[PDB]
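Have a look at the structure below, then the notes.
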Amino acid sequence: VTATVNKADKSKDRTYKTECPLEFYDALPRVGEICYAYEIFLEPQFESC
RNA sequence: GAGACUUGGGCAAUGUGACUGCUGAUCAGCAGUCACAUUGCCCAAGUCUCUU
């Protein structure tokens, strides 16, 4: 904060890293190990023509 | 005690000369701070338009 001259280029933007969630962090099955198949459902809400 | 004189004492009134501080009013000269105003350098920041 003592660097009060920080108003010169306050429009500067920086980069950041990204990371997948813990569950998605290497959930790949191993041969011989238990696997969880999570079913996907697509229920229609709109009434069709 | 009074009248007057002599000296002295007491009180009072008023004036005169000098001193030490205290303020009052006016005037000049000087410094500093704060604020406003003029435009510009000016980046931040949002909106908007063009467009990047």
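A note on labels: chains of the structure tokens are A, B, ... as shown, every chain counts residues from 1, and ligands are counted from 1 in their shown order.
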Counting only C-alpha atoms (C1' of nucleotides), a student should be able to say which residues of chain B come within 12 Å of chain A; what is the right answer, written as an MDAnalysis selection string? chainID B and resid 42:45
Neighbours of residue 36 in chain A within 10 Å (only C-alpha atoms (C1' of nucleotides); same-chain residues fewer than 3 positions away dropped), as a PyMOL selection string? chain A and resi 27+29+39
